[PDB]
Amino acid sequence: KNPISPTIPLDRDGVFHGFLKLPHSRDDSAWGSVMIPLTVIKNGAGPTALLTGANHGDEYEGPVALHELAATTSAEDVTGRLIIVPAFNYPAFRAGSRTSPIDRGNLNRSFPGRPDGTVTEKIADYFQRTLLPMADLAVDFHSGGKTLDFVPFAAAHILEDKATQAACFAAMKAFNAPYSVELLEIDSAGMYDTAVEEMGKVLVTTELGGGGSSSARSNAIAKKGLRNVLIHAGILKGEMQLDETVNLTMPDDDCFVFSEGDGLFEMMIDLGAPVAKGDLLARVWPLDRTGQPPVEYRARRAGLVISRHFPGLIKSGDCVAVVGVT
């Protein structure tokens, strides 16, 4: 029995604004709670979509779209059910950080979680055992965060069940981000991705920009894809917006480049720009001194720069850049 209990019904017709109340006894509140905001919109019979933003706290395109959806959608617009959680790892979202300030918990590495663990593990357990079985479709928004920046794209995994792999790709096509990706997310343990997919459910995941900020273009991409995906699922009516998309893959480790030293980061080729094998991706300047040649990082695969280290300061082990193919 997970101690979380909603403040609103999850199975009644109408529009509900309430919270997932997670008890949390702590120094600044002895009988306190984490009040995870959520909106349930239900109307008649139909599929149920579980919509999450801010799985990592410092990623904002999702929470912006889900807040708008929770505030501008009437029950009559829906055939089915929307479960809307704009801030998924809510303590991290309130702290403005990828991980939670309470337990340093990475929510996207905490599944299946446990009902008696950390605050983050209790969140993961509740979606693992209570919310996901209620859902047919799961849209889990992601962006680069303060340390990464991505080309705006929706992704689907090469997974072993080809039936629900096909369903995931169909929803990615419906999302219609400017780029479309099959992510090399090996290192697959503990993710919400893996929880949804292993249940045979439909998963939509994204990487919409980054840097700890969202733009009007990037907010719009999140709003379009969300609307398309809900129409594609049968929950919302209307005409889908179909624009051009570029298909990209990550077949290899050599799509990735990590830095081996700290310094001042100079990106030499912008996001989304084409790159050939061996082209100079970035150079890192010394923090300590002047007049020394920069440390050069070169592409090991041709394609497009789909991700880059965001901050001006880079550390050893940070991912300099990622190349997407075609």
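Each residue number is its position in the shown sequence, starting from 1.
Mean C-alpha B-factor is higher over 298-306 than over the other stretch, the pair under comparison being 298-306 and 14-22. Averaged over Cα atoms, the B-factor as recorded in the entry is higher for 154-162 than for the other of 169-177 and 154-162.
The top Cα temperature factor in the record, among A222, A124, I186, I231, falls on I186. The maximum CA B-factor among the listed residues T48, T52, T39, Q292, taken from the PDB record, is found at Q292. Annotation for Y60: CA B-factor lies in the lowest third of the chain's modelled residues. In the deposited entry, the Cα temperature factor of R109 places it in the middle third of its chain's modelled residues. In the deposited entry, the Cα temperature factor of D252 places it in the highest third of its chain's modelled residues. Among the modelled residues of its chain, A92 has a C-alpha B-factor that falls in the lowest third according to the deposited record. For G238, the recorded CA temperature factor ranks within the highest third of the chain's modelled residues.
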